[PDB]
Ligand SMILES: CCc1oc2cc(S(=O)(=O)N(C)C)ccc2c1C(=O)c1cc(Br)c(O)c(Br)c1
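Here you get one chain, nothing else, as structure tokens; it is the form solved without this ligand.
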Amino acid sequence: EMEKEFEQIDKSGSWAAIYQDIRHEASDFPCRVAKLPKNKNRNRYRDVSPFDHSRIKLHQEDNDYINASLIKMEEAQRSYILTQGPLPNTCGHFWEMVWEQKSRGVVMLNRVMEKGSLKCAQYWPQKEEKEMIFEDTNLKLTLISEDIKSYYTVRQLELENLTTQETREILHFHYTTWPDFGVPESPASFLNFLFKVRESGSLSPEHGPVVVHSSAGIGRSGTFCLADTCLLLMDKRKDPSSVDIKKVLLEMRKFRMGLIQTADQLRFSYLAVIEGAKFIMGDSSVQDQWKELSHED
């Protein structure tokens, strides 16, 4: 089914039509808290807000608002937190969320500067000896080490809660070559990165939900989570071919608006899942073939 559908849609040049139908059929729920006048400076884009029903709340009497949503894929048995790229005044709120939700990993799919414009604050330290202290939420964040590859970087960060005196290791999975409104260089380089996240244990149910972000926390981020989710379903279902990508994406859109921003991201998502299915079907060797193909040197 899935692979035949990709064919017919490509044959038809109907990607745009298919993607527009998704847009038209997506959920609409209220975002009243996001829209409160006091939260204007907590929102990067006017047109990207969390639904009230799925918003992550900060453990704060002051103002519990962050632009972040919990995507809870019931059949897949995986949750993700999708958030915007934090603003200069929200970096503290970001790491407070990571802390309160017990996340292990943060997946960043954007750069801080894209096409000449600041898309995301510099929310993590670039140098070991220049740790960050978030005064408002009483957190400290230290770069321990990093592993730079050709198209992504993995960082080991230590997050300390200054109130409770506890520390946690956070893994930062940063895809540094995925353009805004664009797609990865290939399914293999995408999968190699996704499988690296998976193998780190950051997506395990013993931790809180991964935080996945881009600039808005919907386009690239949507692409990443939809692939992962579909590949999970492929592995759980009696029939691996029953996975309907369009349905899985409308399901995710119940939780955060606007996931997958272009038709070509939608198409890439299908490519990824189709290729990724070789692993799921049992051929655990193809991981090594993605690694080599991705040119991570």
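Numbers for residues come from their place in the sequence shown, where the first is 1.
(message) Please compare 269-277 with 11-19 and name the stretch with the higher mean C-alpha B-factor in the deposited structure.
(response) If you average the C-alpha B-factors of 269-277 and of 11-19, the larger mean comes out for 11-19.
(request) Between 175-183 and 72-80, name whichever shows the higher mean Cα B factor according to the PDB entry. (result) Higher mean C-alpha B-factor: 175-183.
(message) Maximum C-alpha temperature factor per the entry, among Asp228, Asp239, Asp47, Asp64, belongs to which one?
(response) Comparing C-alpha B-factors across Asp228, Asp239, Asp47, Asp64, the maximum falls on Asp239.
(request) Have a look at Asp52, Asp28, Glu251, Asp235 and flag the one whose Cα has the highest B-factor in the entry. (result) Out of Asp52, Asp28, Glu251, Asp235, the record gives the largest C-alpha B-factor to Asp235.
(request) Check where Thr90 lands among this chain's C-alpha B-factors and tell me if it's the lowest, middle or highest third. (result) Answer is lowest: the recorded C-alpha B-factor places it there.
(request) Determine, from the deposited record, the chain-internal third of the Cα B-factor for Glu114: lowest, middle or highest. (result) Tercile = middle for this residue's CA B-factor.
(request) Grab the CA temperature factor for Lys149 from the record and place it in the lowest, middle or highest third of its chain. (result) Its C-alpha B-factor, which the entry lists for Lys149, ranks in the highest third among residues of this chain.
(message) Splitting the chain's C-alpha B-factors into thirds, which one does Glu169 fall into?
(response) Middle third, going by the recorded CA B-factors of the chain.
(message) Split into thirds by Cα B-factor across the chain's modelled residues, where does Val107 land: lowest, middle or highest?
(response) Its C-alpha B-factor, which the entry lists for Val107, ranks in the lowest third among residues of this chain.
What follows is about the form solved in complex with this ligand, which we do not show.
(request) Kindly check, after superposition on the C-alphas around the site, whether this ligand taken in the entry with it bound would be blocked here (3 or more of its atoms within 2.4 Å of a backbone or C-beta atom) or open? (result) Transferred pose: blocked.
(message) So, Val212 and this ligand: in the entry with it bound, are they within 4.5 Å at any heavy atom pair?
(response) Contact with this ligand, no.
(request) Indicate whether this ligand has at least one heavy atom within 4.5 Å of a heavy atom of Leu191 in the entry with it bound. (result) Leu191 belongs to the contact set for this ligand.
(message) At 4.5 Å between heavy atoms, is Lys291 in contact with this ligand in the entry with it bound?
(response) Yes.
(request) Output the sequence-ordered list of residues from 257-280 with at least one heavy atom within 4.5 Å of this ligand in the entry with it bound. (result) Result: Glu275, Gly276, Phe279, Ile280.
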